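Undergrad: below is the sequence, then the experimental coordinates.
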Amino acid sequence: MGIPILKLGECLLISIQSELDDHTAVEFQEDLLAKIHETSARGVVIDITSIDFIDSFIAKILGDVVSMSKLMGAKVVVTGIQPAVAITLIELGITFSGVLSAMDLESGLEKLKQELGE
Amino acid sequence: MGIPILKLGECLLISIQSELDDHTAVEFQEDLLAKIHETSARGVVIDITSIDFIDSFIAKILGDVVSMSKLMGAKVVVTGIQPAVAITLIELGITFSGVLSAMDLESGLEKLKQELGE
Amino acid sequence: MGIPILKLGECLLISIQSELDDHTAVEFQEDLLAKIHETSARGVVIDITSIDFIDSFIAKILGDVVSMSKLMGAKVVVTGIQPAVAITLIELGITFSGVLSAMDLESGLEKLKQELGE
Amino acid sequence: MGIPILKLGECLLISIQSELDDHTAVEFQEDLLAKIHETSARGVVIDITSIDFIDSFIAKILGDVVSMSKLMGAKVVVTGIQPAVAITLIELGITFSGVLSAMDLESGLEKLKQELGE
Amino acid sequence: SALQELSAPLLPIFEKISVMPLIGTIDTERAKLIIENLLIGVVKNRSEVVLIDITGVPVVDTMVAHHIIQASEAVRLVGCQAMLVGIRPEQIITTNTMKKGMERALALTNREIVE
Amino acid sequence: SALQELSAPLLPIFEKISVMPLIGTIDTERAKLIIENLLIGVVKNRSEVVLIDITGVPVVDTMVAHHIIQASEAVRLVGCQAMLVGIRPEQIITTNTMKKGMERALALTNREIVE
Amino acid sequence: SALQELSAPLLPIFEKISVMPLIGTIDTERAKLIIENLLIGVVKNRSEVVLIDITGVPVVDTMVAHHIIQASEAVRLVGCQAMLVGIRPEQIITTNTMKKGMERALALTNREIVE
Amino acid sequence: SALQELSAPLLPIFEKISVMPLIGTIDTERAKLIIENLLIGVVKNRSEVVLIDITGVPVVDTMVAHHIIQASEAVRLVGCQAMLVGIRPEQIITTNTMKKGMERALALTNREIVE
Amino acid sequence: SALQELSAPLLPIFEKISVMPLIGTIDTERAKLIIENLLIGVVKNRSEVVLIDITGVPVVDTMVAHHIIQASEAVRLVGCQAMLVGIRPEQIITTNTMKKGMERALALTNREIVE
Amino acid sequence: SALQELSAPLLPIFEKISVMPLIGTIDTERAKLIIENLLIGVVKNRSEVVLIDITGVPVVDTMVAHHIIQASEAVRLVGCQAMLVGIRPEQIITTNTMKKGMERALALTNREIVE
């Protein structure tokens, strides 16, 4: 089991369903950075559309995974954010800027289509 | 819980975890069909790279989910097959014929631009 | 002593006058498949215009070399089937698919020279 | 019954296997001219590659079917003559001129189509 | 009497079968392969648009459509009825009408009629 | 039983007469007039290639050939046989063979072929 | 009851199967084939958008997909449901919905929408 | 039997009415308006080519031929009959055939099918 | 008798087979499928030009030869022998010689070698 | 086991060496010089990649590079191992990988890869 990943044309896709806590995030984040080493990726598209809720401890992980993989050498687009998670749990209690969000995965990959030249 | 589907440029990208049982595979194969109605898809790229062993009666059903989509109105491609399962299960007298199996996910959508996008 | 087989430019033009039994049929079967490896070739033109009666023990020998030569590495064409022998071929019932026969040895070489090695 | 004729776009062909007597040739000499009446012709191509010894009366016959087929309109090509037939046995009372000999049946056509019919 | 048709514009061969649903008319299998090498005829039409109805043996009619495949070019069963294709579980390329039956058989020998 | 021939390959509408040259075949006069006004055939053909001979029926065969000119156009006897035309009691447009008879058929309706 | 609602918008032919889950309507095979050749119908559609949980009707509804190959040009099943394709106890060309299946039908007979 | 028809040839919706000359038209008055905000249908064709006759409810048929003019656009009646039109008590654009009505729908939305 | 050699001119992967006609030598079936996902060749060859003969492996050499179409696609057999298929119990794209087997395996992947 | 290996691409025929590292395998020279007058003998790759190691006989394997030069065109030792060449107690064209050995071997016969 775990959280999968999939190489796609010098980019990198990843789907995420409703995970539990920071333990389910650190078993994910150590499996995201380890395979962005192996693939010579340049953009990771974190599809998180299928998420009910996100705990406050995950806000200091997924609000800092964009500060994680940027230093690794690849841009990150947090695409597919639900309304319920976005209001008071990605609220004004974090340092959320420079994250390059999108709306849906077709417009997500369209944005990172124009970072690999075309 | 489950095995998800993400829309990406009028194509589908089923990525499966290590599922080795038919009563979950029949529980899975509804999700391929119940999504392809709602999103007007044309080619579904089933990624089976993360599956090591398969049971025989699964291949009498997963060998027929090609005919699920091919009658539904969208082509299907089976990418990333392990060398073990093609020599311990497929050499049995099942009747794979005209399935158009790719090699890896990079060469999948490159072949699946040649069904949509000139 | 034997059935006269000649060669043309990158083609073989075998002509049949008459036979005796299956012993001449297996001797002719050993003749053509050896000769097509004794030299190089890409197209066989079998001429059977001079035969008006073929036994079921013989039509399989002309069912052999019409399909053993395709696996050997050359395409085959059996031109000029008489209407008397053409009845008992499919009254037996054996489809000559992939054979693409013609009416006479001039028009038989029209398609084969066109198709492979234009 | 061993001597085929396989005419090819107003250009005939002749295969000749191992003969043993001139009683074969007299039944054969009428058969070539009976074909050149039934179809139009421009050049017959006699092939005698499979003969290592020749009766002196047979050399009178094969030296005659040149001039039997010149008067009908067509040219002749005596292609693929072996050494041992030619060296000490065609030194007999021949008058071989205007015969247009060749080396092999593939090049024997293009020494005739270069002259007549094209 | 017991003979149908044999004449051609020499690239195709037309043919017509009026109503004769009986197995003793084996001559439409017999005297058809005879004419296919008496001329050099290429893909030929059947045009059974008035034929009601073969019940027992279309094996004399649908296996003769494979006889012509090996002796010559293909064959077009032009214009079947509605009753004739009632239940036929027992492929070959057909058409609908004799005018457009001639088109997609002439497009095999690479010619048409345009001015 | 009660049938001679009909066809419809193109806008020309041709016929075929096998050997039954009696005066009771007035239907081959009528059937080529019945099918004529229904589906519009400018050119028609005859194709009496296999017929020996005519005893006392040009009145019902070729005297009525004028009656298709007033119907539409262009009766064309395709290949009257050698012994058929010995002494005629009784003009029209005819030809030699169907493959070169239809060549002048489309030349009357101003159409040609292309390879 | 006694209705199936077939006509011809273009040279292809539309056909709509509404909620008719019954084996008594064999006439969707019968009364379609009679009106198939009643006009010139080259291709046609089926469009079973909602008819879900139909049993052995494929013994009719697939052999009827084989008769249109014979009497005319090909036929397209349009938009099968999810549970319908789950009934496969035991080829043909299909599509997703009637606004794109009609478009690939015109792509066969060489026409497209312009401007 | 509380169902008639619906379709989608990607801009308009053609619709078919087999014969039901009663007050059961309150289905097709209602169930056809609800499709107009289910998808973006500009044009719709009524196609009462098979209906004889209308007894006392064209008042229901003219409101539904005027509700669409204030819902989206371009209702049109396709193929009335000679017996059907008999007395007119009471405009609305019509056409003659099902084929040619579809083309002038594209002429009101600036399209035409050629290649 | 260690193994069978394999390397690559970067698009295809060649292979050689010497005299190993026994079912205990399945290593040519296992260690050949292993190399396919190791380096992603598209076409590959067998080149059994020097082997006489085959008795014990009639299907298992061609079963795996159909089962790199699962992952490559299709292998091309190079140079079967006259004794090898002079008789056998009973598809597979094949060629005759490696200098022509390579020259047409490139054409399936759209490359060429021109001066 | 009277073999070493062999193959035959188009003009540059090449050879392969698996693990057979002894003086009793001088056949890889003897069977190799026979093929140089069995066909035309332009450049030929050794490809001793699957070999660890050889210390005993480099006089057999390196002086043979100056045996084929005087008989035919030159050779290329393709893919020497890492610690194989660490043993050099005591020139010739060479490369590193089989897929790029052909990139310069075809340059000496005036052929270059197109598309």
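TA: Alright, I've got the coordinates. Residues are numbered from 1 along each chain as shown, chains lettered A, B, ... in the order given.

Undergrad: name the surrounding residues that touch the longest helix along chain E.
TA: In chain E, assigned by DSSP state H, the helix with the most residues is helix E:27-38. For helix E:27-38, the surrounding residues in contact (CB atoms under 8 Å, 6 or more residues apart in numbering or on different chains) are C:80, C:82-83, C:86-87, C:103, E:2-4, E:6, E:13, E:15, E:17, E:41, E:44, E:60-61, E:64, E:67-68, E:71-72. For every residue, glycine as well, the C-beta is placed using N, CA and C.

Undergrad: separation between residue A:8 and chain H?
TA: Taking CB to the nearest CB, to the nearest Å as the measure, residue A:8 and chain H are separated by 31 Å.

Undergrad: which ones are touching that residue?
TA: By CB under 8 Å, 6+ apart, the contact set of residue A:8 is B:8, B:13, B:105-106, B:109.

Undergrad: three-state assignment of whatever residue of chain A ends up closest to chain F?
TA: Residue of chain A nearest chain F, by CB to the nearest CB: residue A:118 (45.4 Å). Assigned with DSSP: H, G, I helix; E, B strand; the rest coil, residue A:118 falls in the coil class.

Undergrad: thinking again about what came up before, in the longest helix of chain E, what counts as buried?
TA: Neighbour-count burial for helix E:27-38, counted by 16 or more other CB atoms under 10 Å in any protein chain shown, picks out E:28-29, E:32-33, E:35-37.

Undergrad: how about stretch A:31-38?
TA: The neighbour-count check on stretch A:31-38 (16+ other CB under 10 Å) flags A:32, A:35-36 as buried.

Undergrad: pretty sure residue A:17 sits against residue B:3.
TA: No - using CB atoms under 8 Å, residue A:17 is not in contact with residue B:3; the gap is 9.4 Å.

Undergrad: show me where the chain has its strands.
TA: Since no chain was named, I'll use chain A. Taking DSSP state E to define them, one finds strands in chain A at A:6-8, A:11-15, A:43-47, A:75-79.

Undergrad: let me rephrase: I mean chain E.
TA: Remark: strands assigned in chain E by DSSP E are E:44-45, E:75-76.

Undergrad: wait, what's in contact with the residue nearest in space to the middle of chain A?
TA: The centroid of chain A falls nearest to residue A:46 when counting by CA atoms, centre = their mean (3.2 Å). Remark: with contacts taken as CB under 8 Å, 6+ apart, residue A:46 is in contact with A:14, A:16, A:62, A:65, A:76-79.

Undergrad: top of those by number of neighbours, please.
TA: residue A:76 (25 neighbours; other CB atoms under 10 Å in any protein chain shown).

Undergrad: check contacts around it.
TA: A:43-44, A:46, A:65-66, A:69-70, A:99-100.

Undergrad: pull out the buried members of those.
TA: For the contacts of residue A:76, buried by 16+ other CB under 10 Å: A:43-44, A:46, A:65-66, A:69, A:100.

Undergrad: those residues: which two are farthest apart?
TA: A:43 and A:65 (13.6 Å; CB to CB).

Undergrad: tell me the one of the contacts of residue A:76 nearest residue A:28?
TA: Using CB to CB, residue A:65 comes nearest to residue A:28 of these, at 9.0 Å.

Undergrad: before we move on, back to that, which one's more surrounded, residue A:17 and residue B:3?
TA: residue B:3 (19 against 15).

Undergrad: could you find the closest non-adjacent residue to the residue of chain E found nearest chain J?
TA: In chain E, no residue comes nearer to chain J than residue E:110, which is 30.0 Å away by CB to the nearest CB. Leaving aside its chain neighbours, residue E:110 sits nearest to residue F:115 (7.0 Å; criterion: CB to CB, 6 or more residues apart in numbering or on different chains).

Undergrad: quick check: the gap between the one you found and residue E:114.
TA: Separation of residue F:115 from residue E:114 (CB to CB, to the nearest Å): 11 Å.

Undergrad: any part of stretch E:82-102 near chain G?
TA: Yes - using CB under 8 Å from any CB of the partner chain, stretch E:82-102 reaches chain G at E:82, E:85, E:87-89, E:91, E:94, E:96-97.

Undergrad: farthest pair within the residues you listed?
TA: For those, the farthest-apart pair by CB to CB is E:89 and E:97; their separation is 25.4 Å.

Undergrad: neighbour count for those two, which is higher?
TA: More neighbours surround residue E:97 than the other of residue E:89 and residue E:97, with 16 against 5 (other CB under 10 Å).

Undergrad: wait, that one sits on residue E:79?
TA: Yes - Residue E:97 lies in contact with residue E:79 (CB under 8 Å); the separation is 5.8 Å.

Undergrad: follow-up on the earlier one: just send the strands of chain A back as a markdown table, with distance to residue G:105 too.
TA: Shown next, in a markdown table, are the strands of chain A (distance: least, CB to CB, whole Å):
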| stretch | distance to residue G:105 |
| --- | --- |
| strand A:6-8 | 34 |
| strand A:11-15 | 35 |
| strand A:43-47 | 36 |
| strand A:75-79 | 37 |
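
Undergrad: any idea which of those strands gets closest to residue G:48?
TA: strand A:11-15 (32.9 Å).

Undergrad: now do that closest one against strand A:75-79, angle only.
TA: Interaxial angle of strand A:11-15 relative to strand A:75-79 (axes from the mean of the first three to the mean of the last three CA atoms, to 10 degrees): 30 degrees.

Undergrad: which residue is the nearest non-sequential neighbour of the residue nearest the centre of chain E?
TA: Centre of chain E computed as the mean C-alpha position; nearest residue by CA atoms, centre = their mean is residue E:46, 2.1 Å away. Using CB to CB, 6+ apart and skipping residues adjacent in sequence, the residue nearest residue E:46 is residue E:77, 5.1 Å away.

Undergrad: give me every residue that touches residue 105.
TA: Looking at chain A here, since you left the chain open. A:45, A:47, A:49, A:79-80, B:6-8.

Undergrad: looking at chain E here, not the other one
TA: Going by CB under 8 Å, 6+ apart, residue E:105 touches E:12, E:43, E:45, E:74, E:76, E:95.

Undergrad: who wins for neighbours among those?
TA: Busiest of the contacts of residue E:105 [other CB under 10 Å] is residue E:95, holding 24 neighbours.

Undergrad: okay, it and residue E:107: tell me how far apart.
TA: Residue E:95 is 12 Å from residue E:107, by CB to CB.

Undergrad: next, count neighbours for residue E:56.
TA: Count around residue E:56 with other CB under 10 Å applied: 9.

Undergrad: and the gap between the residue nearest to it when sequence neighbours are not counted and chain I?
TA: Spatially, and ignoring its direct neighbours in sequence, residue E:56 is nearest to residue E:23 (7.3 Å; CB to CB, 6+ apart). Remark: distance between residue E:23 and chain I (CB to the nearest CB) = 35 Å.

Undergrad: near residue E:23, how many other residues are there?
TA: Counted by other CB under 10 Å, the residues lying close to residue E:23 total 10.

Undergrad: might you report the residue contacts of the closest residue to residue A:53 other than its chain neighbours?
TA: In this structure, residue A:53 finds its nearest non-sequential neighbour in residue A:85, 6.4 Å apart by CB to CB, 6+ apart. Residues in contact with residue A:85 (CB under 8 Å, 6+ apart) are A:51, A:53-54.

Undergrad: with that, I have no additional questions.
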